[PDB]
Amino acid sequence: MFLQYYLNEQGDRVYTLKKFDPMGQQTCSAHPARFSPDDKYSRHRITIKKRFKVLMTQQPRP
Amino acid sequence: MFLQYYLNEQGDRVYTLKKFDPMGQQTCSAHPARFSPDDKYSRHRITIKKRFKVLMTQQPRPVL
Amino acid sequence: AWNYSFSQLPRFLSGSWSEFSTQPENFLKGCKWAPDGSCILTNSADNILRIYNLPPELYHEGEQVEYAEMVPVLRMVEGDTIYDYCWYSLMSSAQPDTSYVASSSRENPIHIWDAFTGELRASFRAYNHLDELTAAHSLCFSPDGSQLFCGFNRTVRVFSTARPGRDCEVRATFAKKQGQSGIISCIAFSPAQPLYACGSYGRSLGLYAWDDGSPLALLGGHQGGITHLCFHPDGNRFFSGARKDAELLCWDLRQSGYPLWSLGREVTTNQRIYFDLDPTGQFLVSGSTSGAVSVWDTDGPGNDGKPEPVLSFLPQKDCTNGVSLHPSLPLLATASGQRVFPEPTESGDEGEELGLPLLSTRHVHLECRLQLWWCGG
Amino acid sequence: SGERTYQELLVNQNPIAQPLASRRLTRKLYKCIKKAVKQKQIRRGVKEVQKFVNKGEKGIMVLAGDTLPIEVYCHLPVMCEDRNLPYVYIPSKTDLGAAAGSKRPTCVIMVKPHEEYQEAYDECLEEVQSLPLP
Amino acid sequence: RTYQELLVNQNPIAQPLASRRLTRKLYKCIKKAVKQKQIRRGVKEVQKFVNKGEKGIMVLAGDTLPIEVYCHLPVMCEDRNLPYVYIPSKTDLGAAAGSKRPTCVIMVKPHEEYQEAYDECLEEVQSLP
Amino acid sequence: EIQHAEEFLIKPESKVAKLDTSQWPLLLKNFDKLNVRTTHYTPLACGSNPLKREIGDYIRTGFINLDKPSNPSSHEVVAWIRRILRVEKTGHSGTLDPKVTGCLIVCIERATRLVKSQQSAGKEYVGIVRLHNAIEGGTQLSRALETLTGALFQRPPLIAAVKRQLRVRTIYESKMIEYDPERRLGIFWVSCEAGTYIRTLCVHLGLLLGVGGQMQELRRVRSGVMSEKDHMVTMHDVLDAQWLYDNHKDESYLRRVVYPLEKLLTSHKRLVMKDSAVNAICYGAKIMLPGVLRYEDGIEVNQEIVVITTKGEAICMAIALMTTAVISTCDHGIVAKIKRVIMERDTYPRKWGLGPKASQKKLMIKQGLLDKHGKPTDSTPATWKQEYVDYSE
Amino acid sequence: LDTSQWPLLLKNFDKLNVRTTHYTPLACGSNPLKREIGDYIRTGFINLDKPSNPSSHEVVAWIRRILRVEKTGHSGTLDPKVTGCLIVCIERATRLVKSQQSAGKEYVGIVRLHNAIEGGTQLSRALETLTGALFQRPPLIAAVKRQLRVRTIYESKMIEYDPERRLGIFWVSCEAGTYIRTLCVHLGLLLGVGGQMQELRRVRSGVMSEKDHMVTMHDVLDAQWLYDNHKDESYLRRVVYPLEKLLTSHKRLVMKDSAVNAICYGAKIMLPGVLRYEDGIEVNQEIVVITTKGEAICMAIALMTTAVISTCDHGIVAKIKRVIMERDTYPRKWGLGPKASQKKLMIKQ
Amino acid sequence: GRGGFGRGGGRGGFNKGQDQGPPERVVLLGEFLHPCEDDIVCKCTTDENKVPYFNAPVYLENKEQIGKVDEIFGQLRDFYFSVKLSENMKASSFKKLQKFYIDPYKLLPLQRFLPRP
Amino acid sequence: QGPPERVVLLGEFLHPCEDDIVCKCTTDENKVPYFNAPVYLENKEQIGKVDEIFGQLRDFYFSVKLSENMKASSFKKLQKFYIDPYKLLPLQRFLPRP
RNA sequence: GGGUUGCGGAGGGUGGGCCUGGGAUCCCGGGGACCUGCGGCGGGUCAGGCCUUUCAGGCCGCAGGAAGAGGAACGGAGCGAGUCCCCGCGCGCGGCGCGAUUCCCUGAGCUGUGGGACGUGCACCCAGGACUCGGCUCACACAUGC
């Protein structure tokens with residue numbers, strides 16, 4: 001996959017083909033990660049997200 | 001009881017296990033003294049507190 | 145064949161002083177031998193169960209014995225303060241299973257460690273009525289080797305050795321009209337008849353039955369509280385030692401309700417002074433608090449009887465807490481220990497004046513070592 | 019070392035700790051207490067102190083400077099004032115308890131002269147009767 | 022300047038980082054060990070072998086999005102009582118691994134006598150705040 | 029200044045009363061800008077707001093915006109969501125290819141009523157076009173891209189089933205962002221209606237360029253009214269929500285990912301109605317004048333409207349027939365017709381029998397003057413017969 | 047003075063949506079702060095610190111004997127050997143104690159272990175594992191009634207841990223009914239070493255905590271002595287606080303003065319009686335109605351929504367649940383309405 | 045039911061030669077623009093309403109089958125289509141301004157393609 | 064007095080705890096054990112009963128009391144523990160009150 | 001849901017109304033109710049079997065109704081007894097704390113910011129939810145105006 005994108009100043013998605021931003025940021029992938037149906041690792045994810053305060057629960061609702 | 005605490009900067013209670021604060025303060029007990037119903041020594045308490053101005057009335061007013 | 149007799153002064157052969165120095169203050173107490181006599185248990189102020197090994201008897205056969213430091217083969221850890229400790233009754237090197245030691249901490253339940261491996265094998269817990277754990281003070285094994293006795297506030301509980309759980313037989317002592325005392329100091333067994341004596345801390349002594357569990361006699365105490373109690377193996381005799389008392393008493397089962405004879409000791413502070421008794425009944429070694437280990441003689445001709453002192457010797461200037469002798473081979477181990485109360489003397493004036501006293505309490509030396517004495521023939 | 023220790027003790031005090039003593043005053047008081055404890059003439063405990071003040075016993079009261087909360091010893095100074103008795107405050111708890119002859123902190127202590135060791139006790143009384151009161 | 026740029030392009034959840042020389046020592050150790058016996062580089066195989074149990078050191082990447090890719094590995098190492106590291110580099114780690122596409126997870130297992138430098142990194146990770 | 033025990037009393041100022049309805053929830057926003065008709069009705073207790081709704085109805089009723097992985101298909105992720113949420117029905121907004129990512133609207137039980145209209149909605153697509161030969165400059169590619177604008181023909185690829193027939197799809201906007209000559213790739217953004225194919229578009233672009241090509245990948249940016257900028261959630265969060273609900277009993281993480289179905293019908297005109305008519309319309313009826321409470325200014329004839337309740341629940345979607353200037357003057361008649369029901373049949377107290385005219389007509393039937401099936405009976409009052417045959421009979 | 051610095055039930059009264067402002071101000075009335083001592087003591091709550099020596103059963107008796115009242119009640123039945131906050135009400139304040147008892151309370155206790163632990167990480171994991179809904183049983187032995195209880199726990203984290211003394215303190219935040227002794231027992235069984243609870247200290251009890259006027263019973267005794275020997279009520283007002291402060295997070299509903307007596311005698315809140323309301327009032331919500339001065343009349347259950355009462359003209363909006371005011375408080379004016387009274391007299395004539 | 049010009053038979057009308065051989069009628073179809081990967085894409089100049097059929101053989105002025113219409117694209121106004129070349133042919137041979145012809149009855153009116161409600 | 068019958072898998076050995084066996088519940092997929100319920104082994108032998116129970120809703124552990132003439136060092140491995148099926152209780156009625 | 005035909009050589013594609021029945025632009029005769037939600041009606045390989053499934057369009061079978069939509073008091077509050085779920089003395093009450101009057105401890109068993117023992121007494125044992133029945137006071141209630 002060669003689809004990269006970086007967050008805009010306003011907050012929109014700007015798709016690009018390069019891997020480096022002219023401002024000095026490293027672009028990430030635009031496609032989501034592989035999801036497995038037999039994924040029994042949902043408790044560790046929630047714990048490590050609660051330890052660092054990164055869940056969507058603490059995020060407000062626009 | 002080995003349950004001490006020290007006042008924090010913001011103004012909350014921070015319970016600790018040691019008897020000495022790392023800043024250089026002496027920690028105190030977290031539990032109050034035992035109360036006695038038949039206590040006739042309440043007249044001198046208000047006198048002591050007025051002599052040193054440590055009454056709830058001599059302190060600022062509650063914000064509510 | 146080594147004849148056991150007191151003719152000369154005890155001889156120093158080996159010692160151990162490299163340990164018990166890492167802590168600011170440390171005190172040694174206990175130092176009893178094993179029934180077979182191949183291990184030594186030493187308890188310090190810091191809770192560490194040290195099992196010292198026995199020096200080789202072939203090394204003791206000759207007089208060329210050189211000084212050596214006995215390294216502990218086992219070093220166990222304990223959280224809270226220890227109350228009592230004893231070896232198993234039928235302790236032998238032949239049987240590998242009957243080679244465990246018992247210990248009772250302050251808030252932790254009665255723990256049992258193994259001499260061979262060094263790890264906790266079993267543990268007996270005892271709860272009181274609501275939900276909490278009660279502390280045990282007395283610790284001694286039964287001669288048959290199937291039951292375990294422990295002391296408590298006002299009752300005695302009997303534990304087994306095959307079902308390590310909560311099941312235990314309770315035997316209350318205090319009642320509405322009767323009652324012995326408060327906290328029970330220790331419990332010692334007699335090998336002549338099935339009965340044991342219960343020594344408490346409140347000037348009280350009593351003997352109970354083995355299986356029936358019924359009081360027979362009830363006596364008092366010197367002035368304070370009994371600390372240690374043994375039994376004379378030759379017959380119906382047994383001694384008892386209390387704390388903060390300068391007198392000793394020997395109670396006999398052939399007398400009805402009064403002390404037959406009285407002896408003199410030296411106890412200043414509330415320490416746990418031990419006194420060992422020879423299995424042949426010819427010598428009675430006992431340590432004092434003023435730093436003087438005295439020995440007595442027990443005569444049994446038939447008509448005259450009086451404990452007479454043979455000799456006396458001071459190992460160090462400290463307080464000899466534990467004194468015990470080896471069962472077969474001539475040997476005697478002693479340990480010292482004494483607390484130091486904070487004495488905030490005016491050091492500023494001492495450093496300013498430099499005059500009359502020229503003394504400071506900061507340089508006082510206190511070291512608890514473990515010596516081994518030799519007995520000749 | 020003495021000045022820094024005194025400052026550290028001043029830091030950890032009680033709100034009601036205005037009547038105090040000097041360095042030599044505290045040393046003399048400690049020496050008097052250490053000379054009087056060996057004669058068994060000292061009382062340690064608010065219970066017996068107030069029990070005998072209700073009846074009446076003349077002496078010198080020695081309270082601690084660092085003891086929380088405040089409601090523990092709050093009626094003792096007024097009782098001593100009504101009974102016309104002076105009281106002493108020192109910014110220490112461990113040293114006051116060690117001077118009694120133990121390894122535990124003690125706050126309340128009453129002294130009673132029985133033997134001829136009062137030649138230094140009267141000086142301490144006259145000195146505590148002259149310290150500036152708040 | 023370089024380490025600052027690597028810290029700018031970092032993942033949110035990565036506390037246990039390394040210093041400027043500890044990462045060089047770890048890179049040297051990994052480059053020495055990749056030729057001696059073996060190094061495991063794959064999420065599936067790492068988790069499959071951790072399910073049964075294998076002692077080692079987990080080498081995760083500092084720049085790998087999204088976070089849901091590697092999100093249950095460190096908690097699994099904590100449950101199995103195993104330490105892990107974090108490095109703000111993926112290209113250098115991928116080049117040191119097999120001179121190929123940038124890898125994310127790397128496991129090391131000592132077989133030869135090269136553990137004299139491995140226990141030092143182990144105790145350094147155990148001392149990491 | 030700490031004022032304690034001060035005389036505080038609300039001063040009775042006889043001023044005009046104003047209300048600010050700009051911060052109220054989704055369907056209650058600007059509820060005071062609707063022209064008032066009648067404020068004499070008896071509100072019923074059976075009802076609530078979509079925002080503060082029970083979790084049982086929050087999971088049952090509502091949509092979700094998912095970011096589909098590129099590994100599985102759309103039906104497979106739909107079935108996975110149905111198995112994770114433990115529901116019976118589940119639907120999607122568009123059948124995406126396995127190797128096509130982007131947003132996807134998914135309803136579950138009661139929001140699947142209007143999926144037929146959601147499927148036929150304009151969607152945006154972003155993919156990479158691969159070439160075979162080389163192009164001279166990017167200006168020629170931009171010209172070829174702007175040439176393929178408007179309505180054009182499209183042939184179904186061999187992949188799905190077979191070439192069936194020729195379709196006519198319309199494209200609104202298409203512009204290229206970048207183009208790399210070294211790798212012979214390039215990203216582009218196309219915004220068209222549903223049914224348009226991107227692989228066929230790439231094939232046509234390659235045929236126009238004279239080098240050929242296909243569609244490498246594809247990414248959806250906007251699908252209808254919801255895009256990647258409006259709380260785009262993934263499947264891992266949906267899977268973690270069920271675990272956090274069955275292990276920690278926390279419904280916040282489930283209400284954050286699931287959104288009420290009333291959000292879709294936001295750009296449509298709302299029509300407030302009485303609580304006595306909601307059940308009659310759910311069973312099925314026509315919208316009358318006495319039931320209408322408020323209407324939106326700027327309503328034309330034959331316009332897609334939505335019927336809402338005073339609390340804010342979407343009853344159903346109707347087709348308005350009268351104008352605001354006509355509904356302000358007219359007294360009786362039909363204004364809307366039932367098109368697609370969204371609520372249940374038994375949700376409000378069932379009452380449509382009693383009334384000012386219905387009871388009178390029923391009593392006249394019971395007497396014997398008028399008949400139930402026969403309209404032209406005696407009918408002594410002519411003004412009654414001339415004011416009852418104006419709706420449908 | 048601004049509208050955001052006013053007393054307890056008076057902050058931001060302008061933000062309340064206005065519907066009508068034509069009412070007659072009556073003479074009778076008072077503010078909660080400037081209330082008579084007789085009513086200031088009989089109405090209100092007290093957040094005192096319970097000594098660790100007695101139990102709460104004796105503490106409530108001592109406080110009702112000192113305050114010389116007839117009725118009193120506590121917020122939570124605490125053990126004898128535990129310290130923490132405790133809310134005690136009076137005869138005119140124990141009406142809403144049933145809802146105050148069922149509230150989330152935080153706990154802080156120390157756990158004593160038996161064997162040795164390797165590090166703090168494993169015990170931290172064991173503490174994080176016991177989070178959420180679990181099974182618990184009474185520490186003592188009970189009958190078939192108390193066999194299994196199901197409680198939930200929100201947060202649990204440990205501060206420190208001493209390996210030399212084998213202790214460690216922790217903070218747990220859960221709801222009422224959860225036990226701490228069983229929690230430490232389960233923690234010790236999970237660590238494989240066993241253990242129990244050494245002590246316990248409550249930091250939060252419902253809405254009140256140790257940072258909001260932590261008074262002591264000694265202060266209550268000093269106030270009772272000063273109010274009788276010196277006739278000083280300031281030190282008595284500083285310890286006692288009105289009961290209208292507990293219902294601060296609940297929505298407010300301003301009513302007319304003529305409807306106060308109707309609600310007191312027992313009636314239904316109508317549309318003309320409501321003066322203002324609060325945005326965000328859903329169906330079947332625990333609402334409390336107040337007067338124009340700020341005195342809480344009673345607690346009600348609102349039926350209609352803000353979007354419904356903003357349009358409606360007549361109907362029932364709230365239902366009487368529990369009265370808090372007295373009966374004889376406002377004049378008797380029921381049948382004097384503009385149209386309703388006219389219709390009633392018309393049907394009467 | 046089905047029927048007409050076949051479906052189980054064969055007939056003929058105005059144009060004949062699609063499957064028989066020599067054609068009779070021919071109509072201009074497209075104009076050569078440029079080759080496309082061994083295929084020829086053309087633009088319809090003047091049929092005035094019509095689009096070609098699937099796999100429709102294309103002829104030149106001399107009525108010689110060069111290939112067949114493979115794909116069709118473009119807008120409604122500007123329409124294009126591709127031609128699949130046959131064997132033993134060269135795409136570089138036809139590189140001039142010439143017209144391409146097709147059979148007249150291989151078209152379809154766009155009036156039916158227009159959406160009618 | 065009950066003879067041995069069909070037995071169902073109960074738990075998995077985790078670690079001992081003060082002469083008690085602390086086990087982790089296996090896949091019975093909704094079941095919780097009864098108090099003082101006899102636990103059996105693969106050879107249909109009465110090992111002990113079920114002691115106090117703890118744990119969360121999904122993953123919950125349980126401790127087992129030993130019988131007479133039993134040793135805790137015997138099954139110091141990862142083996143399965145079986146329980147009678149008549150000592151079960153549905154939890155579907157615990158969380159929902161209606 | 002069923003049926004017919006024409007256009008392009010050959011199992012594949014597209015398209016067709018309110019008009020008909022009889023007599024000489026006209027007349028006569030007829031077509032016997034609607035809304036809503038769900039399920040199916042298509043493709044591929046060799047007279048039949050297998051798999052998946054809805055873009056374009058109506059048909060069939062089932063579940064409810066004859067829908068012009070009323071309400072300015074059906075409707076409340078303070079108490080007493082019984083049982084269940086609830087309360088740490090588990091239905092055995094004295095192993096509970098504070099005080100005048102006595103004693104002991106730096107105990108190494110908690111322990112003087114208290115504990116150990118004897119004698120003399122006062123206080124300590126109370127609350128939530130559901131259901132049946134008995135029983136009093138108030139009122140029967142849309143909330144103006146100056």
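Going line by line, the protein sequences match chains A, B, C, D, E, F, G, H and I. Each residue of the first sequence is one higher than the last, beginning at 1 in UniProt numbering. Each residue of the second sequence is one higher than the last, beginning at 1 in UniProt numbering. Each residue of the third sequence is one higher than the last, beginning at 145 in UniProt numbering. Each residue of the fourth sequence is one higher than the last, beginning at 19 in UniProt numbering. Each residue of the fifth sequence is one higher than the last, beginning at 22 in UniProt numbering. Each residue of the sixth sequence is one higher than the last, beginning at 29 in UniProt numbering. Each residue of the seventh sequence is one higher than the last, beginning at 47 in UniProt numbering. Each residue of the eighth sequence is one higher than the last, beginning at 45 in UniProt numbering. Each residue of the ninth sequence is one higher than the last, beginning at 64 in UniProt numbering. By construction, the Cβ of each residue, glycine as well, lies at the ideal position given by its N, Cα and C atoms.
- Close to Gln25(B), with beta-carbon spacing below 9 Å, are these residues of chain D in chain order: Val29, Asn30.
- Using a Cβ-Cβ cut-off of 8 Å, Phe59(G) counts as an interface residue toward chain F, since at least one Cβ of chain F sits closer than that to its own.
- Counting C-beta pairs with one atom in each stretch, the region 128-138 of chain G and the region 242-259 of chain G have three or more that are closer than 8 Å, which means they touch.
- Contact check for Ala118(E) against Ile127(E) passes: the beta carbons are separated by less than 8 Å.
- Within chain B, the residues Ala30, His31, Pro32 have their CB atoms less than 8 Å from the CB of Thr129(G), given in chain order.
- Here the region 31-40 of chain D makes no contact with the region 195-209 of chain C; the two share fewer than three CB pairs at distances below 8 Å.
- The C-beta distance from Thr464(C) to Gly435(C) rounds to 7 Å, short enough to meet the 8 Å contact threshold.
- At least 8 Å separates the beta-carbon of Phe144(H) from that of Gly65(H).
- According to the DSSP assignment, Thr23(D) belongs to the alpha helix (DSSP H) that extends over 20-29.
- When 9 Å is used as the limit between beta carbons, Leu120(H) is near these residues of chain F: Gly178, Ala179, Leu180, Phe181, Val196, in chain order.
- Under the DSSP assignment, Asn307(F) falls in the alpha helix (DSSP H) whose first and last residues are 306-311.
- With a contact defined as Cβ atoms closer than 8 Å, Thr357(G) and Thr67(F) qualify at about 6 Å.
- Sequence-distant partners of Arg69(H) (beyond 5 residues in either direction) whose C-beta falls short of 6 Å from its own C-beta, in its chain, are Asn59, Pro148.
- In the three-state reduction of the DSSP assignment, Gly234(G) falls in the helix class, which pools H, G and I.
- Burial is judged here by how many other beta carbons sit within 10 angstroms of a residue's own beta carbon; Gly234(F) has at least 16 and is buried.
- Assignment of beta strand (DSSP E) within the region 293-358 of chain G, counting only whole runs of 3 or more residues, yields 298-300, 331-336, 342-348 in chain order.
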